[PDB]
Structures are given as structure tokens and as C-alpha cells.
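S.K.: For the protein sequence lines, the chains are A and B, in the order given.
Counting in UniProt numbering, the first sequence runs from 23 upward without gaps.
Counting in UniProt numbering, the second sequence runs from 52 upward without gaps.
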Amino acid sequence: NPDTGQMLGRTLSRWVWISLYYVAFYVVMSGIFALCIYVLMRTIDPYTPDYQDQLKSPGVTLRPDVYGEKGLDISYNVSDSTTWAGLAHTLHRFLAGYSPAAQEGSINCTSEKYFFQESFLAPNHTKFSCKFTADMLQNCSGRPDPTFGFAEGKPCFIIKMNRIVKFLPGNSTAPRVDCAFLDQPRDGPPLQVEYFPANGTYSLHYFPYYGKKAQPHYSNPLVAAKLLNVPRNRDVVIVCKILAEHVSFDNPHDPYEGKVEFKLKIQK
Amino acid sequence: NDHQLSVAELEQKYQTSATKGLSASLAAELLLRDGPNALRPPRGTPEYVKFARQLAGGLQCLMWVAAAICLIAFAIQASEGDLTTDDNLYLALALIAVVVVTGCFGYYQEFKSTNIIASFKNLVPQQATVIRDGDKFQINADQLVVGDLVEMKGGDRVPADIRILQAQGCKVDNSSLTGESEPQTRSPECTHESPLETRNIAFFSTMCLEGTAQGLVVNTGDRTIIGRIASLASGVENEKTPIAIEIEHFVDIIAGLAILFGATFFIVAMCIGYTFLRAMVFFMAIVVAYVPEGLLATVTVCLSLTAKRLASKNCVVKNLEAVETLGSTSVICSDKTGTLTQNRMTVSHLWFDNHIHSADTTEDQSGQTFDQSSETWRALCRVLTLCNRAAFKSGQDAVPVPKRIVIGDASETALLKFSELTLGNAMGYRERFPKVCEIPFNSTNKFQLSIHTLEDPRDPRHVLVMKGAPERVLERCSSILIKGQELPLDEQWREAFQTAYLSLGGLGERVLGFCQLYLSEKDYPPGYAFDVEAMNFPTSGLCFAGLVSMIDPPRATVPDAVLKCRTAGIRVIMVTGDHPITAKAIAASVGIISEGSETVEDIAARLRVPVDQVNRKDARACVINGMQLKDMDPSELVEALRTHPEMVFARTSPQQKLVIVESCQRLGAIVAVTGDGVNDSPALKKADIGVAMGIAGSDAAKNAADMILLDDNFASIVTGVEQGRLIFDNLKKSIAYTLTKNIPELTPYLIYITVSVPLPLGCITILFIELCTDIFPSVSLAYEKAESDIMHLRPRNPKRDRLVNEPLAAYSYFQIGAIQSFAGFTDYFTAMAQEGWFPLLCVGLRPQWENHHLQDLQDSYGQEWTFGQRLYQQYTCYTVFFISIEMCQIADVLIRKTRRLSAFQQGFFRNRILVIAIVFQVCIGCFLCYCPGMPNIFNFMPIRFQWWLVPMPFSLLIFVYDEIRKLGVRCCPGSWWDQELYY
Ligand SMILES: CCCCCCCC/C=C\CCCCCCCC(=O)OC[C@H](COP(=O)(O)OCC[N+](C)(C)C)OC(=O)CCCCCCC/C=C/CCCCCCCC
Ligand SMILES: CCCCCCCC/C=C\CCCCCCCC(=O)OC[C@H](COP(=O)(O)OCC[N+](C)(C)C)OC(=O)CCCCCCC/C=C\CCCCCCCC
Ligand SMILES: CCCCCCCC/C=C\CCCCCCCC(=O)O[C@H](COC(=O)CCCCCCC/C=C/CCCCCCCC)COP(=O)(O)OCC[N+](C)(C)C
Ligand SMILES: CC(C)CCC[C@@H](C)[C@H]1CC[C@H]2[C@@H]3CC=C4C[C@@H](O)CC[C@]4(C)[C@H]3CC[C@]12C
Ligand SMILES: CC(C)CCC[C@@H](C)[C@H]1CC[C@H]2[C@@H]3CC=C4C[C@@H](O)CC[C@]4(C)[C@H]3CC[C@]12C
Ligand SMILES: CNCC#CCOCc1cc(Cl)ccc1-c1ccc(Cl)cc1
Ligand SMILES: *[C@@H]1O[C@H](CO)[C@@H](O)[C@H](O)[C@H]1NC(C)=O
Ligand SMILES: *[C@@H]1O[C@H](CO)[C@@H](O)[C@H](O)[C@H]1NC(C)=O
Ligand SMILES: [Mg+2]
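#1: Closer than 7 Å by C-beta to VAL199(A): which residues in its own chain qualify, once you throw out the five before and the five after it? Chain order, please.
#2: Is the Cβ-Cβ distance between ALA607(B) and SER417(B) less than 9 Å?
#3: Would a check of beta-carbon distances place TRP916(B) closer than 9 Å to chain A?
#4: Any contact between the stretch 629-636 of chain B and the stretch 684-693 of chain B? By contact I mean 3 or more CB pairs, one from each, below 8 Å.
#5: Rounded to the nearest angstrom, what separates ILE643(B) and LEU356(B) at their Cα positions?
#6: So who's on the other strand from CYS152(A), going by DSSP bridges?
#7: Closer than 9 Å between beta carbons: that is the criterion. Which residues of the stretch 994-1028 of chain B meet it against chain A?
#8: At the level of alpha carbons, what is the spacing between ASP448(B) and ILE841(B)?
#9: Given the structure, does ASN161(A) come close to ligand 7, in the sense that its CB is under 8 Å from one of the ligand's heavy atoms?
#10: Counting only beta-carbon separations shorter than 9 Å, does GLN920(B) have a partner in chain A?
#11: Is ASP257(A) near ligand 8, in the sense that its beta carbon is under 8 Å from a heavy atom of that ligand?
#12: Taking C-alpha atoms, which residue in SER911(B), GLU886(B), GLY578(B) lies nearest to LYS234(A)?
#13: If we call anything under 9 Å between Cβ atoms a contact, is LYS468(B) one with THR397(B)?
#14: Using a Cβ-Cβ cutoff of 7 Å, what residues of the stretch 255-285 of chain A are near chain B? List them in chain order.
#15: Anything in chain B within Cβ reach of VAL187(A), meaning under 9 Å, just list it in chain order.
#16: Restricting to runs no shorter than 3 residues, where is the beta strand (DSSP E) found entirely within the stretch 273-344 of chain B?
#17: Which parts of the stretch 217-267 of chain B are runs of the beta strand (DSSP E), unbroken and 3 residues or longer, counting only runs that do not cross its ends?
#18: Can you name the residues that DSSP bridges to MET698(B)?
#19: When Cβ atoms are compared, which residues of the stretch 83-107 of chain A fall closer than 8 Å to chain B?
#20: Looking at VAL150(B) and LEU106(B), is the spacing between their C-beta atoms short of 9 Å?
#21: Could you tell me which chain B residues have their CB closer than 7 Å to the CB of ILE40(A), listed as they occur along the chain?
#22: Along the chain, which unbroken stretches of the beta strand (DSSP E) at least 3 residues long are found entirely within the stretch 750-785 of chain B?
#23: Which bits of chain A does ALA869(B) rub up against, with CB to CB less than 9 Å?
#24: Answer yes or no: does any C-beta atom of chain B fall closer than 9 Å to that of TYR69(A)?
#25: Apply the 10 Å Cβ neighbour rule to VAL50(A) and answer buried if 16 or more other Cβ atoms are within range, or exposed otherwise.
#26: Kindly list the residues whose CB is nearer than 6 Å to the CB of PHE880(B), restricted to its own chain and excluding five residues on each side of it in sequence; keep chain order.
#27: What does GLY233(A) reach in chain B if we use C-beta pairs closer than 8 Å?
#28: Quick one: what's got a C-beta closer than 6 Å to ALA465(B)'s C-beta in the same chain, skipping five residues either side?
#29: For a cutoff of 9 Å on Cβ pairs, would you count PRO80(A) as touching chain B?
#30: Can you have a look at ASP422(B) and say buried or exposed, based on whether 16 or more other CB atoms are within 10 angstroms of its CB?
#31: Should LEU213(A) be listed as close to ligand 7, given that the test is whether its C-beta is under 8 Å from any heavy atom?
#32: From which residue to which residue does the alpha helix (DSSP H) around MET63(A) run?
#33: When you compare the CB positions of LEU538(B) and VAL516(B), do they come within less than 9 Å of one another, or not?
#34: Can we count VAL45(A) as close to ligand 5, meaning its CB is less than 8 Å from some heavy atom?
#35: What residues from the stretch 838-866 of chain B come within 9 Å of chain A, judged by C-beta to C-beta, listed N to C?
#36: Name the two residues that bound the continuous beta strand (DSSP E) containing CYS262(A).
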């Protein structure tokens, strides 16, 4: 079918015309698609999303986050510092963003109430965001313990709630972290936790989040859960739940919605 | 052979005797040397091999290869850290399931058709009369051995191939084995060289009609004439159907496009940093993507619907592919006796009152009648009614006269039926005219005589009525009856009678002469002693009533069916074993030879010149007999076929019918064969489609044929031609509709691989589109009406007009499919942007998006998402892409209704099935989107109403673009636009 005069059943002039027609067709279609995308992006609001259909309840993440086969798995040896050196380094890297120099774009907040802002009073047409420094975690801030309690077998875990634009957890009381054994071992007592800040609360003045354009310096408030009575040389499962009026943790299809669960083994 | 070989030289080969026969021990030993005198059954085809055949096929094999490639890809992705590979298993299972269920459907169709055809198949044990060592006992037919002495009488079946030694008025029915419509005399003398033409050979499967005969068995079982025809049919190979060829061509197009696309994106994946295994997996993914899973089901359903429509007209196909062949047929080779004609002798013409009249020969009496108001007609009718001995079987009031069963020979049966149709109550009239003397028909005088008395009590004469050969009657009959007169023979009546006789003879009709005489009451008083041996009555000086001629006439619908076939551009050739004169007369009667068409012999007779000095190119018609065909080489046969458009083959053997079919097929034509007898079975098998008469058809013919006309209605051929052309066009439309949606199902995967956006469309939703939502709309296009006078078009050129061609493929894939892809991606980006993911952030996001270890990934607003939330957003993207495809497919099915006409011209809602299919598609889409549990069962999401509206302008654009394209084709008939944009 290839030839000299008619290549694949078409003269060279005919190929030119049909190819030009297809080029014009695809140019017109691409222009229509580009116009549709431009119109969409001009209808989009730059501060608030149109819908939050998949964001009814915030996710919960934990640091240090080491994943095994299915989910978070943290195992180390109190005798061997090499086992928890990486975990401590991860925590230090994470708290570098909560250093006071990193918190320069935020302000001190003391209201302990929803920080509602209807105007852009902060510099460069921005809304204010509240400060959160590592020192509010105290014993789990990395000072005076750079190992975050891992050397002594009382590790610190930092719990963070996923931020959602204009989400309100509930203002009767501050949202609070509660960590417990998923299945309490019958050879020991229930889990004993000391929280930082005290009682493991996220202050209400960190809410609502107004988005990245309105609050470029926003920082998620943190809660540190220092586990005090983890049995040695045994595999335990720990679940840290968020207790708030508008936060649900009962989703069979999202094990990170409103809570975080991890496996922990501390060897000696 | 044995026929040109005297009884002296016989009885030595066969070690028999004409008087005694064979010894019992010799017969029993020959019965052990050879087998029983029976035909071998057509052997084979176990019930699972048919199912395996249904599982085989071009589209089926493409799907088998696609499933195997899916399995290989699953194995390769399990041999590494790819995983998440349930999609390959789902798709392979879907492919295999579609193939298997479609094969089950096809097998059921063939099984049901086989049962329908066998429901009209009977079975009977056959016995024979044999004379061995002087004892004339009865015996089973298959007990016979070669050289046996056999006796047969009227009404029996001939028990084997027999060389006649004695015969007394023996006639046989050879219409099934040969093409001979008229009963054939069997005599104990050699009359022709060939055994098929001599009078001293009677054949195995035929029926003795009247008289008695004695003969020697010369062939037995599979070595008889019918056994050799069955052997010849067994050696004929059945070719692929035209629709199978078209499907294979379309599969080749699909495979080539898949290979090109997959290779190009394999290279792209290599160049953008993928590994060899990853790129190979992508290439095989694309190749499998180009295979449409539901198209096999759509095609099978459309063919079954056409088959059901044909069966509504008593036309039963043995396989679904046969419903298309008549649409593509360009040559019909038709048998004459029993197929074009009724295979029944009936009164056709009469000669009385110096005029030639025409009678109604149709089996339903729907034709025109002659003038039945004349004293000459009354006398002729009385003569032909009284000089008859046939009788209708008792209790035949419901069955019409042409189909009533009669105890008598063919000529007397035809005369009796003609009497019943014209006068009415022929037997009542006969018994009202009592008979007092009768000389039956015999060869010494070659006529039949009878004497009757008048009905009225006031008339003492005795009426003489005579029937016989026209010349024997004319040697008598000093007078003639013309319009209430008794004109003496003035030699002008003699020349007129001779002219009429040769005219009716040249029309290929058997002619009989009728006459009467009124005996005086004085010379022949009442109660007269009429003595058959004294010959006292006058057998001369009679009065001639008229001539009556008979022919085996065409079936009623045949002439109009032939005219319609030739209007549709189909060439009709007659291939018959009958005699050339009868064949030519019937061909003229049915329209195979047109009015004014002439053969070289006709031209020579008109121009008073020898035939060798006649230009062949001036003869539109041609009649070739078997002896001339034997001497012809294939080049001469091709030359004759191309020279003469109106062709008749007469005295044609089954092998020569096969040769003619093969020559026509070699010239490039799709050939249909219509036949009924055993002599047609090899040609029927060789034909691209074989059509057999349901009622007249022999078992060999019905087994060889692809299509059976259960009511013997020849107009079903015209119905089949129209339905085949319609199904060809509608399959074109349905295939275009099905192919269009493959591009919007593939492009999201290509964008996913190359740009790394989150997956816009899933395997499960693709399966739902292919197998659930679109199959009913695709099938509904089989109910579209023709866009033109489809019966006035020529047959399509098989090598040029393909079912699926380059314009159809290009249009469907890369214009409409491209628009659908753009609609889907517009909806995808709208759904992402309105939920927080801007288009530029979507680019390259796939690794983070699919990372199970990232549970706080940030969107365009800084919100942090878990993996499960991102997965539900991905399911929303699946759903919006699915709905975009569905909305565009509504417009696609609307624009697919016509290829040239406007939707406004053809009618938006004339196809109620299509309207229902659209409503049903929308309902299933809504159910999938909004039934609870769908997100976790099939990953469909309850999408917002504005995602439904986003693709609607794209669907409207599809409709408007197709409407403008088809207006360009109608306004500019042969422009560049018609050449490139029409399909
Ligand atoms: C054989 C020929 C094939 C041709 C295929 C199509 C070619 C063209 C495709 C892409 C080129 C660009 C098209 C888009 C043009 C966008 C028009 C525009 O001006 O928009 C502006 C946006 C940026 O606005 P912003 O977000 O900053 O505004 C924020 C507003 N505030 C601040 C208020 C929130 O720019 C953008 O989004 C740009 C986003 C473009 C990239 C999207 C991902 C690419 C995916 C393409 C798949 C298409 C497949 C088509 C089907 C093929 C069938 C064969
Ligand atoms: C074209 C018309 C076809 C009609 C076919 C016959 C009708 C069958 C349809 C429905 C009958 C059963 C209806 C369901 C039972 C009553 C409703 C109910 O009790 O709801 C309870 C929950 C609601 O779930 P949700 O709204 O929270 O969803 C999850 C949302 N997410 C994304 C947010 C987390 O249900 C669950 O939890 C999951 C419970 C199991 C899922 C529902 C059971 C029925 C679904 C599938 C059965 C087979 C259907 C497929 C057949 C082949 C394909 C056509
Ligand atoms: C051709 C003949 C058609 C006859 C009618 C077809 C069947 C209609 C029957 C039922 C559909 C309506 C009821 C279910 C929807 C509400 C359930 C719900 O709740 O939807 C909710 C909102 O609903 C809506 O925005 C509107 C719903 C209806 C939209 C349009 C429906 C389709 C209509 C098509 C007509 C097209 C006609 C033109 C083309 C065809 C021409 C012939 C969705 O939930 P969400 O996104 O807030 O959840 C977010 C949380 N997440 C995602 C995790 C679960
Ligand atoms: C630059 C982009 C938009 C494409 C180029 C412009 C398009 C819309 C126009 C400009 C020139 C046009 C071509 C001019 C000549 C011919 C020859 C004719 O026999 C077929 C149409 C065809 C092939 C036209 C197709 C459409 C065309 C290519
Ligand atoms: C749209 C993008 C992919 C075009 C990229 C350039 C190449 C691949 C394009 C440019 C012009 C095109 C051709 C234009 C016209 C025809 C004639 C048609 O009967 C077969 C395909 C065919 C449709 C196209 C094949 C692909 C093609 C050669
Ligand atoms: C009409 N075309 C449809 C399509 C497509 C493109 O890739 C196929 C595809 C898509 C998706 Cl989402 C998931 C898996 C596959 C897929 C991958 C490998 C094989 Cl061997 C077969 C199929
Ligand atoms: C926390 O720190 C204070 C002083 O720095 C100390 O008294 C207290 O014991 C610490 N708690 C734990 C659990 O180490
Ligand atoms: C690690 O823990 C195990 C307890 O299972 C202990 O036996 C071992 O000594 C520890 N490693 C080192 C380096 O001590
Ligand atoms: Mg016949």
C-alpha cells in the first residue's frame, strides 16, 4: 500500500489537506478546553473552597512516623542508642518549624476562644495566625532531653490534627487528645500518659483555619503524649483519639479520621 | 457402462440370471463383501465441537489474546512491587465471560434452528421385491446386492440403481435426482450414451409412478448416483462468510492501531524515566485498552434480532452470520424444478376457437383466467372431464385443489384439477354422465376412448369422447368445432392446428388433443351392445374440440421476486438439469430472460443465417447445455458468462452446477444458490449462502443449505436481501457508536501515566460503561430504518466497501472520542478545583496522592487530607468522568442514527427502542451514582448536580458538529468534504 504516487491510498497533496484539517480541529478543541479551565479558575474563590465533601472530620497524624506493613510501627532498643537516634532526629526536624524564629510571622494569643476574623488586618492583606512554639511542649520539646524520653523508655509522641478551612471542633471546651491501649494487656495496668500542654488540649484560639492565602504563617497546634508505663519487650497497640464535639473517629474506611493508632515495642 | 451392455454380456459380470436371479449363498456372500444397500450417514460433529466453534472466531480470538495479555501483565506486576492489580483479573474475567456467554447464545440459536428444521423431517423403512433362485419373496431394501433381480411396480420406491430388463408402461420421478420435471419413461433398451440420460437405468432414490418393471441391480449403497452426489458434497469446503471476512478486517484495524499506540507510549515512558518492565506493562495495558469488550455481544444481539425478523417470515437461518449474506450477494444461481417452479404438471394453455388461451397456473389461483363463455369451450370441457379416470382422495374439502391428492398419473391429475377449478365438481359431473364403454390408453393406437350417455332424460344419443396425441387425433376428426359450428377440415384448419401444435411445443409444453362425436340414436339405440373387441363404434370421422397443453409452472411469487432481485442489481442465472426448451420457456416466464432478449439461435432464425455467422455480442440471452459445458474450458466459461448477461444452464449435472458456482466466485462475486433436490446439495455447500426449500427440499439440500424457506416462499429471498443490506448499515452505525467511547476510556490512563495526575477513571467504572450502560443503546441502532431506497442500490463491492473502514475509524476515534475526552477532563478538573485541588497542583501529584504513608497532604487551600479522603475524592473523579462519557454517548447515539440524513429528516423519536435505551441508560447511571453503598462496592459517588451539566455543552457540540458535517455531505455530493468526512 505504500507507494510513490499514492502513499497509503492518498496523494501527497491529499495528506496535507486532511492533516491540516485535523490540526485545525485539535487546535479549536484545545482552545475550547483552555477557555473552560480559565472560566473555572475565574469562578474559584481564592480563600475558601467551594465544598468540603470529603473533609467532614479532620485526620490525625503522629510524629515520629515510622510505617511497617499495615500502619505505624515504632520499635527500638533502650540499650542501643542507634535504634532511637533516627526517631529523635525526626522529632528535632519536625520541631524546627515550631522554633521561635520560625514562629516570627505569628502573634501571641491568650483569648482561649475562637479567633474569628472577618477582615484582613495583618500585613499584606492577610489574617492573623497565633503562635505555637516548641517550648509549650516543655519536657517533650527537645530540651533538656534531646532524646524526647526515648533513652529512658518514656518516649514522646507528637499528635497533630489535620487543618480544615473554617472547621470548628466545638467551643464548650478545647479539643483534647486521649491516648490508651487498644486492648489493655491483662498483665499490667492501663496506659499512663502525661500531656503537654497540660491535659493535652488544643487551644480554641487556633481555630478556625482560614486557609493558606489568608494565613501564610499558620501552624497547627501540637500535643505531646509522653507514655510512662509501656511494658518492655512486648508488642502493644496504642490509639490516640481526639475528643471534641465536632470531631468523629468512627469511620471504618479511614483509620486516621479523628484518631491515630500505632504499634509500639520497646526492648531492653 | 451396464446400460450399453447386453444381457448376454450381463449375467457374467454379475453372475446372475434375468429369469432366476442370484443364488441365496452368492447373495449372502456379496452382502458380506460389500456393505448393506444403504447410504452412509453424515458423520461427526459431537455436541461440544459446535460449542468450541462458537468460542472460536475473529473477535473472539482478539478477546482471547487480550485476556492472555492481561494475565501476563498480572504475572509481571506480581513479580515486582507494582501490586494493586485486581484490575487485570477483573478485565480478563469480563473478556472470557463475554466470549463464553456469546458462544452459548450462538450455540443455542443453531440448536433451535436444527430442531426446527428436523421437526419437518420424517423417516420410513424401505422394502423391496426380489427374485432369488426362483422365489419371489419380499426383502428389506438394504439387503440387496449388486446383480440382484428386482421387481418394481407403480407407487414403489426404486430400491437401488437398476438396469431395466422388462418394463410395461413404467414411469419414474427423477425430479429430485435430475432436473427433469416431467415423468420419465423406463424401457428395456439403450436410448442414450450417458447413464443419466438413458431410458434403461432407474435410480436408487426415485419413485416409480406407474406401470411395472424388472431389472438387475448394477450399483448399491454409496456407489449409486445419489451416493456419489453425497460423496461429492462431503468433499466441498465451506468458506468464510462475508460478515466473518469483514469482522476479521476490522480486527486487523484494531490490532494495528493498538500496536502503534502502545509502541509510541512505550517509547514515551522510556524517555520520561520509566523502567523496562514498567514501559512493557504500559504498552500491554494500552493494547488491551483498544479491545472493545461489549462489541461482540452487541454484534451477536443485532444478528439475532435480524434472524428473528427473518423467522417471522418463515425464513430460518442455521447460523447467525447467514442473515447478512443475501445483502452482499451479487449473483443468484437458481435451480428450476421444484425451486423456481411448483414441480407439478398443470394446465397452462389451450387451443380452441382458433385462439391460444392462457389458464391460471398459480397454486393460489391469484392470476388471470381465460374466456369460459363459448359452446366450443363447453364441448372441450365436457370432453376433458369425461375422458378422465383420476379421482380426488376422499375427505379433501379443506385443502385447495392444486394441493389435493389424486389417484392417477400426472396428465390425468392436471386435467382433473383443471376441471375442478373451471367447471367444479368434476367427479359429480362424471357420475352424472354414466359410461357404457371404454378403451384405455395404449401404444398401438396412442389414444384413449370412452362412451357416455347424456344427463338429460330427453336425449337418447351416446357421446363419444377421445383423448390422445395431437397428430393421432388429427389423423381422425374430419370435422372441427369453431364457435357453435362443425366446420369440415378445409386444410386451413389443418395448417392452423399444426402451427398451434409447434407453437405450444416450442413453449416447452406437453400437448394433448381432445375430440368428440355424437352417436345416432337410430344406428346406436339405447342399451346398445358396445363391444371393445368387435370395434363396432366409429373411431373415425370425429369432431375436434381443442388442444390442451401442460407445463410445470412457476411458483406464484417467483416472477416478481426475480424482478425485484434484478432491480436490486443482482444477476440471476438458471442452472437446471431439465431440458433446454423447458428451461428457456420457464426462464422467460419468470423474468430471467427479459422480453426482447434473444439467443444466437433466435437471432439466426430471425435473420435467416447460420448460427456461426451471428455476432455473440448481439445476443443478450444464452442457453448452454451440459454437453457444451463439458467441452468448455474455464476461459471459455468466463467468456460466455461475461458476454451474456441473461444466462441459462440446462441439462446440468451436480458437478457442473458446482463448477458454475466456483467460476462465478472466482470472478469475485458473492454467490447465492437456491435449490431443493439432491442434485443441488454440492452447489448449495459451495455457495456463500445456500437457500433450500423447506417443503419441497430434500434432506441433502436442507443439510447443505444455510437458510431454509419453511413455506417455500421465494419472495423470502427479497426479504433477506433487504434485511441483509439494512443489517450491514445498522452494524456500521452500532460499531461506530461502540468504538467512539474507547478513546475517552484510554486518554485518562495516558494522562495518568505521563503527567502523573491522580487517576481520573477506574477499571471498574470502565467495565460498567462497556458492559452495562452502552450495550442497550448500541443494540437499539439495529432498529434504524434505511436512509434511501436500499433495494434500488447495487450490491456493495466486497473489496472496496468494507464494514469498518478508515473514515469510520478516524472519525469515531479521533474526532468524537476526542471531544468526549475533553468533556471528561473538563469535568475532572472542575470537581477537583471545587473540592480544593487546583489543576496545576494536580500535575505531578500522583506519587504523594497515592502514598499510604502521607496522611496530611496539603491541597491548594492548605487543608491536609488523609489517604482515605483522597481516595474518596478519586472516586468522585471516576464518577464525573463516567457521567461525562454517558452524557456524550447520548449525543453519540443520536448522531449515529443516520450517516447522511439529518436527525430532523429521519425523526428523533421514530426509534422508540432507542428512546427507551436512552432513558434506561440515564436511569442506570443515576442508580449507580446515588444508591447507598455504591462508594464502597463499585466506587461510584453521589456527585453534585453541576457535574452533570458540565459535559452537556460538549454533547451539544458533538450533535451540532455531526449535523453540520452531514449537511456538507448532502449539499456537496462529490467534493473533498464528502470524500474525507463521510463514512
Ligand atoms: C493531540 C492534541 C492533544 C491536546 C491536549 C490538550 C492540550 C492543552 C492542554 C493543556 C494546556 C493548558 C490548557 C489549560 C489552559 C488554562 C487556561 C487558564 O488561563 O487557566 C489558568 C490556570 C491557572 O489559574 P490559577 O489556578 O492560578 O487561578 C487561581 C484563581 N484564584 C487565585 C482566584 C484561586 O492555568 C492552568 O490551570 C493550566 C493547567 C493546564 C494543565 C492541566 C493538566 C494537563 C492535562 C491535560 C489533559 C487533557 C486531555 C485532553 C483530551 C485529549 C483527547 C485526545
Ligand atoms: C437500575 C436499578 C437496579 C435496581 C436493582 C435492585 C435494587 C437494589 C438497590 C438497593 C436495594 C438495597 C438498598 C440499600 C439498603 C437500604 C439502605 C441502607 O440500609 O443504607 C445503609 C448504608 C448507607 O451507606 P452510606 O450512604 O453511608 O454509603 C457510604 C458513604 N461513604 C462515601 C460516605 C462513606 O449502606 C451501607 O453502609 C452498605 C450496605 C450494603 C450496600 C447497600 C446494599 C445494596 C447495594 C448493593 C447490592 C447489589 C447492588 C449491585 C447490583 C449489580 C450492579 C447494578
Ligand atoms: C432520561 C430520564 C431520566 C429520568 C430520571 C432519572 C432517575 C432519577 C432518579 C433519581 C436521581 C435523583 C435522586 C438521587 C440524587 C439525590 C441524592 C443525593 O443526596 O445527592 C446529593 C446532592 O444532590 C444534588 O446535588 C443533585 C442530585 C441530582 C443531580 C441530577 C440527577 C441526574 C439527572 C439527570 C437528568 C439529565 C437529563 C438530560 C440528559 C438525558 C436526556 C434524555 C449528593 O450528596 P453530596 O455530594 O452532598 O455528598 C457529599 C459527601 N459524600 C460525597 C462523601 C457522600
Ligand atoms: C492555525 C490553525 C487554526 C489551523 C489552520 C487554519 C485552519 C482553520 C484553516 C486555514 C486553511 C484551511 C485549509 C485550506 C485548504 C484546504 C483544502 C481543502 O481541499 C480542504 C480543507 C483545507 C485543508 C483547509 C482546512 C482548514 C484550514 C487548515
Ligand atoms: C492531534 C495530534 C495527535 C496530531 C499529531 C501529528 C500527527 C500524529 C497527525 C497530524 C495530522 C494527522 C492525520 C490527519 C488526517 C488523517 C486522515 C484519516 O483518514 C486517518 C488518520 C489521519 C487522521 C491523521 C493521522 C495523525 C496525523 C498525521
Ligand atoms: C478503552 N480503553 C480503556 C482503558 C485503558 C487504559 O489502560 C487500561 C487500564 C486502565 C485502568 Cl484505570 C486500570 C488498569 C488498566 C489495565 C492495565 C493493564 C492491563 Cl494488561 C489491562 C488494563
Ligand atoms: C517534667 O519536667 C519536670 C521539670 O523539668 C520534672 O519535675 C518532671 O518529673 C518531668 N516529667 C517527666 C514525666 O519526666
Ligand atoms: C536489644 O534488645 C534486646 C532485647 O530483646 C537485648 O537482648 C539486646 O542486648 C539489645 N541490644 C543491645 C545492643 O544491647
Ligand atoms: Mg429441483
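We put the CB at the ideal spot given by N, CA and C, even for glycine.
M.R.: Walking through what the data contain:
#1: Taking the first residue of the first sequence as position 1, residue 199(A) is located at position 177. Result list for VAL199(A): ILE181, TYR217, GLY222, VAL245, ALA247, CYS262, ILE264, in chain order.
#2: Numbered from 1 along the second sequence, position 556 holds the residue referred to as residue 607(B). Numbered from 1 along the second sequence, position 366 holds the residue referred to as residue 417(B). Yes, the Cβ-Cβ distance between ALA607(B) and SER417(B) is below 9 Å.
#3: The count along the second sequence starts at 1 and reaches residue 916(B) at position 865. So yes, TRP916(B) belongs to the interface.
#4: No, because fewer than three Cβ pairs between the stretch 629-636 of chain B and the stretch 684-693 of chain B fall closer than 8 Å, the two stretches do not touch.
#5: Counting from 1 along the second sequence, the entry for residue 643(B) is found at position 592. Counting from 1 along the second sequence, the entry for residue 356(B) is found at position 305. Their Cα atoms are separated by approximately 32 Å.
#6: Against the first sequence, residue 152(A) aligns to sequence position 130. The partner list for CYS152(A) (beta bridge, DSSP) reads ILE129(A).
#7: Listed in sequence order: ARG995, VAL1001, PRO1004, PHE1005, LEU1008, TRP1027.
#8: By 1-based counting over the second sequence, the position of residue 448(B) is 397. By 1-based counting over the second sequence, the position of residue 841(B) is 790. The straight-line gap from Cα to Cα measures roughly 43 Å.
#9: Here residue 161(A) refers to the residue found at position 139 of the first sequence. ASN161(A) Cβ: within cutoff of ligand 7.
#10: Position 869 of the second sequence holds residue 920(B). Chain A contact via Cβ: present.
#11: The residue labelled residue 257(A) in the question sits at position 235 within the first sequence. Proximity of the beta carbon of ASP257(A) to ligand 8 is not indicated: no heavy atom of the ligand is located closer than 8 Å.
#12: The residue labelled residue 234(A) in the question sits at position 212 within the first sequence. Closest in alpha carbon position to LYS234(A), among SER911(B), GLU886(B), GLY578(B), is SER911(B).
#13: The sequence position of residue 468(B) within the second sequence is 417, counting from 1. The sequence position of residue 397(B) within the second sequence is 346, counting from 1. A contact, by the Cβ cut-off of 9 Å.
#14: For the stretch 255-285 of chain A, which is checked against every Cβ of chain B, the residues closer than 7 Å are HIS275, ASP276, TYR278, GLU279.
#15: By one-based count along the first sequence, residue 187(A) stands at place 165. Listed along the chain, the chain B residues whose CB falls inside 9 Å of the CB of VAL187(A) are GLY887, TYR912, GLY913, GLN914.
#16: Within the stretch 273-344 of chain B, no complete beta strand (DSSP E) run reaches 3 residues.
#17: Listed in chain order, they are 235-237.
#18: Translated into the one-based positions of the second sequence, residue 698(B) becomes position 647. Answer is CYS673(B), bridged to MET698(B).
#19: Legend: CB atoms of the stretch 83-107 of chain A lying less than 8 Å from CB atoms of chain B belong to residues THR83, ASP87, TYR89.
#20: Indexing the second sequence from 1 puts residue 106(B) at position 55. Indexing the second sequence from 1 puts residue 150(B) at position 99. Taking 9 Å as the Cβ cut-off, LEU106(B) and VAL150(B) qualify as a contacting pair.
#21: As a first step, residue 40(A) is located in the first sequence; it is residue number 18 there, counting from the start. The contacting residues are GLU1031.
#22: 758-760, all fully within the stretch 750-785 of chain B.
#23: The residue you call residue 869(B) lines up with position 818 of the second sequence. In chain order: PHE47, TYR48, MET51.
#24: Position 47 of the first sequence, counted from the first residue, corresponds to residue 69(A). True, the Cβ-Cβ gap to chain B drops below 9 Å.
#25: Locating residue 50(A) in the first sequence gives position 28, where the first residue counts as 1. Classification for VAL50(A): exposed.
#26: The count along the second sequence starts at 1 and reaches residue 880(B) at position 829. Correct list, in chain order: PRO890.
#27: Counted from its first residue, the first sequence places residue 233(A) at position 211. Those within 8 Å of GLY233(A) in chain B are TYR912, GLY913, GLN914.
#28: Position 414 of the second sequence, counted from the start, is the residue given in the question as residue 465(B). Excluding the 5 residues flanking it on each side, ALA465(B) has same chain C-beta neighbours closer than 6 Å at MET396, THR397, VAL398, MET601, in chain order.
#29: As a working note, residue 80(A) is residue 58 in the first sequence. Closer than 9 Å to some Cβ of chain B, the Cβ of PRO80(A) qualifies, so yes.
#30: As a first step, residue 422(B) must be located in the second sequence, where it is residue number 371. By the neighbour-count criterion, in which 16 or more other beta carbons inside 10 Å mark a residue as buried, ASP422(B) falls on the exposed side.
#31: Taking the first sequence and counting its residues from 1, the one referred to as residue 213(A) is at position 191. Answer for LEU213(A): no, Cβ out of range of ligand 7.
#32: Here residue 63(A) is taken as the residue at index 41 of the first sequence, counted from 1. For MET63(A), the enclosing alpha helix (DSSP H) has its first and last residue at 34-65.
#33: For this step, residue 538(B) is matched to residue 487 along the second sequence. For this step, residue 516(B) is matched to residue 465 along the second sequence. Contact: no.
#34: Counted from its first residue, the first sequence places residue 45(A) at position 23. Result yes, Cβ under 8 Å from ligand 5.
#35: Taken in chain order, the members of the stretch 838-866 of chain B whose beta-carbon sits within less than 9 Å of a beta-carbon on chain A are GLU857, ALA861, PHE865, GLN866.
#36: For the purposes of this step, residue 262(A) is taken as the residue at position 240 of the first sequence. First-last of the beta strand (DSSP E) with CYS262(A): 257-265.
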